[PDB]
Amino acid sequence: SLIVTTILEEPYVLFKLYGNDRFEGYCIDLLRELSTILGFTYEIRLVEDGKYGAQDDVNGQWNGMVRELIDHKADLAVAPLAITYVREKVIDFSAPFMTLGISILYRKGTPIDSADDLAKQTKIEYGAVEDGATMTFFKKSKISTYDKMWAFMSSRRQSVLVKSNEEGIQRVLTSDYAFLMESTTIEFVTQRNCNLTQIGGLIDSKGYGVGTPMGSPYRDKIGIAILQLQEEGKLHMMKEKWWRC
Amino acid sequence: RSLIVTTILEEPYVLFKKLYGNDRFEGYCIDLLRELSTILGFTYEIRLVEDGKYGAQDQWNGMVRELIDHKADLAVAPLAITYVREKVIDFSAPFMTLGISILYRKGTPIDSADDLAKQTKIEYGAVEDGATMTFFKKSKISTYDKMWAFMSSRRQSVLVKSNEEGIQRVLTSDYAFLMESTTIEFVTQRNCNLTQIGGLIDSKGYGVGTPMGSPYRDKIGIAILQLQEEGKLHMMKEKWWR
Ligand SMILES: C=C(C)[C@H]1CN[C@H](C(=O)O)[C@H]1CC(=O)O
Ligand SMILES: C=C(C)[C@H]1CN[C@H](C(=O)O)[C@H]1CC(=O)O
Ligand code: NA
Ligand code: NA
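And the structure:
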């Protein structure tokens, strides 16, 4: 039986009881499909510290699901966990089951048109989920524009970084603020808020993948089952199902 | 030890420079190989796959077979990451994302794959035994199953040996070519009378291939992720797609 770590994020994982019946969502459907294909059984556990996976700056310790895998406290991570260089250095990822990018969530009708338009001003504050792949992207970026956006963010950190996608969306809906956010979530959000839009194109390019501890014999099997799910159009069906202004 | 890298000629991924050894070659994949070489600290010799194939099971052939038998350490090419290939070799994280789509002439009523499947006047096909054809052959999706029904009975007349043969087919007859969206994009920039019909029919990536169990898999994956996040892969694509 596999211990599966995960986290609540709509519509990937949400509360529907006891055990695995507690949950539903894209990632739950995916987990089910993989289970069927590979013939394993599993117990789902929500990550204890409510984190995704970042390395702390003072000490070199990892948190979240990543840490969970690193420590072998979980066999798999199934969540909208971005596949990043930093993370890929300490755990293994399956082939991606979803492709996305960082982008801008904002109100419609403004002249803000791209990351650059944001970066060269201070009237409109902007931000990201604290210690998520996105913020980490801006923090590690050596691209002038994004480096400057990180200077701005890090200097105004206390009031422009947030603890969740929902908090950020609320920030956009209750103040002059632009939320650097993952595009799939954006797409989900703008279906439900008619005055929210994606500003500009995709700032980068990444995938969501299943996480395994480094050197896990399940990374490959899982990657293969995911590839299969993609080829037979299952993942697209799960997308339509969970995403359907 | 210098690594042996298997690849294959395909514009603009790998082409003969207009020389000896690695100097003979240029392209997006050669640039990529150079970046990987710098990041991971290795030297290499580039070799074109003898049988000139990517990799299909009849026994495997092409670059996949080269990897399986340890005749090469890496495959760097526009090699689609697929279920069937992944069961026998290891792919790095993808350096490019794409999908099967349709290359056809402009100005027709054809707007989708289903538009092709439901008629017979316009013929259509794909590279034989490549990832695209294999996609259709194995598909349970009604439209794609029908297109495959069409194609398998006409294997000799609608299937081609290369993207190039397919493009000339599109240009010289009433024919639609099922092809990879990145190559379609490369092509529609040089023949303004050609176009993509519809959107992407599936989703896949190209990855660097390594023999199953190779310790280079992870390091290469990490380098590709690094290249992606600093914008280098995108710059390489802009460079070669214009
Ligand atoms: C839901 C948030 C906290 C997570 C989900 N994916 C990103 C991650 O893998 O860290 C984070 C969002 C982001 O940073 O844009
Ligand atoms: C150049 C062609 C023969 C290759 C390239 N990628 C696909 C592959 O990985 O097999 C093939 C094309 C295709 O199948 O549409
Ligand atoms: Na890893
Ligand atoms: Na594999």
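As they're listed, the protein sequences go chains B and A. Using the entry's author numbering, the letters of the first sequence correspond one by one to residues 432 to 447, 453 to 544, 555, 566, 667 to 800, 804. Using the entry's author numbering, the letters of the second sequence correspond one by one to residues 431 to 448, 453 to 492, 497 to 544, 555, 566, 667 to 800. From the three backbone atoms N, C-alpha and C, an ideal C-beta is built for every residue, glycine too.
Residues in its own chain within less than 6 Å of residue i by CB, not counting five upstream and five downstream?
i: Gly765 of chain A; result: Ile519, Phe529, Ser530 and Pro532
i: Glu440 of chain A; result: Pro516
i: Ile742 of chain A; result: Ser539, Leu541 and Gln754
i: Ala689 of chain A; result: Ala518 and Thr520
i: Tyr462 of chain A; result: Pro442, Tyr443, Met794 and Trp798
i: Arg800 of chain A; result: none
i: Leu467 of chain B; result: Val514
i: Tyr774 of chain A; result: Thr768
i: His508 of chain B; result: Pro769
For residue i, does the count of other Cβ atoms within 10 angstroms reach 16, so buried, or fall short, so exposed?
i: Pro442 of chain A; result: buried
i: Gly500 of chain B; result: buried
i: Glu722 of chain B; result: exposed
i: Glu484 of chain A; result: exposed
i: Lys487 of chain B; result: buried
i: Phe693 of chain A; result: buried
i: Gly496 of chain B; result: exposed
i: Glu796 of chain B; result: exposed
i: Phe446 of chain B; result: exposed
i: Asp492 of chain A; result: exposed
i: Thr472 of chain B; result: exposed
i: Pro769 of chain B; result: buried
i: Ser739 of chain A; result: buried
i: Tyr454 of chain A; result: exposed
i: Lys777 of chain B; result: buried
i: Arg727 of chain A; result: buried
i: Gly771 of chain A; result: exposed
i: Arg523 of chain A; result: buried
i: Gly763 of chain B; result: buried
i: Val494 of chain B; result: exposed
i: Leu791 of chain B; result: buried
Less than 8 Å between the CB atoms is what I'm expecting for residue i and residue j, so what's the real figure, rounded?
i: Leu674 of chain B; j: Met705 of chain B; result: 7 Å
i: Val502 of chain B; j: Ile527 of chain B; result: 6 Å
i: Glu469 of chain A; j: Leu785 of chain A; result: 6 Å
i: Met737 of chain B; j: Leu717 of chain B; result: Not a contact, Cβ separation roughly 13 Å.
i: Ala510 of chain A; j: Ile434 of chain A; result: 5 Å
i: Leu474 of chain A; j: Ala781 of chain A; result: 6 Å
i: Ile759 of chain A; j: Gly537 of chain A; result: 6 Å
i: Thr535 of chain B; j: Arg481 of chain B; result: With 8 Å as the limit, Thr535 of chain B and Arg481 of chain B do not qualify as a contact, their Cβ atoms being about 27 Å apart.
i: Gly724 of chain B; j: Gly683 of chain B; result: 7 Å
Pick helix, strand or coil for residue i, following the three-state DSSP scheme.
i: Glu440 of chain B; result: strand
i: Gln786 of chain B; result: helix
i: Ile699 of chain B; result: coil
i: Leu536 of chain B; result: strand
i: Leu541 of chain A; result: strand
i: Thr768 of chain B; result: strand
i: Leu758 of chain B; result: coil
i: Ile434 of chain A; result: strand
i: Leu445 of chain B; result: strand
i: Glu686 of chain A; result: coil
Under 8 Å Cβ to Cβ from residue i, same chain only, skipping five residues before and after it: list those, please.
i: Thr701 of chain A; result: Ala671, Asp672 and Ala675
i: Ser432 of chain A; result: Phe476, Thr477, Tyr478 and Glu479
i: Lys544 of chain A; result: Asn751, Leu752 and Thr753
i: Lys719 of chain B; result: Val685 and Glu686
i: residue 452 of chain B; result: Coordinates for residue 452 of chain B are simply not present: the residues of chain B run from 447 and resume at 453.
i: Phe459 of chain B; result: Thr437, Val444, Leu445, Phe446, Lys447 and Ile480
i: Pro667 of chain B; result: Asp673
To which residues of the same chain is residue i closer than 7 Å at the C-beta, ignoring the five residues directly before and after it?
i: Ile464 of chain B; result: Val444
i: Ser697 of chain A; result: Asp703 and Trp706
i: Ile506 of chain A; result: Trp498, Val526, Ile527 and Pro769
i: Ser761 of chain B; result: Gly537
- Query: Which parts of the stretch 719-752 of chain A are runs of the alpha helix (DSSP H), unbroken and 4 residues or longer, counting only runs that do not cross its ends?
  - Reply: Whole alpha helix (DSSP H) segments, 4+ residues: 721-730 and 739-745.
- Task: Only counting runs of 3 or more residues, tell me where the beta strand (DSSP E) segments fall wholly within the stretch 458-531 of chain B, in order along the chain.
- Result: Counting whole runs of 3 or more residues, the stretch 458-531 of chain B contains the beta strand (DSSP E) stretches 478-482 and 527-529.
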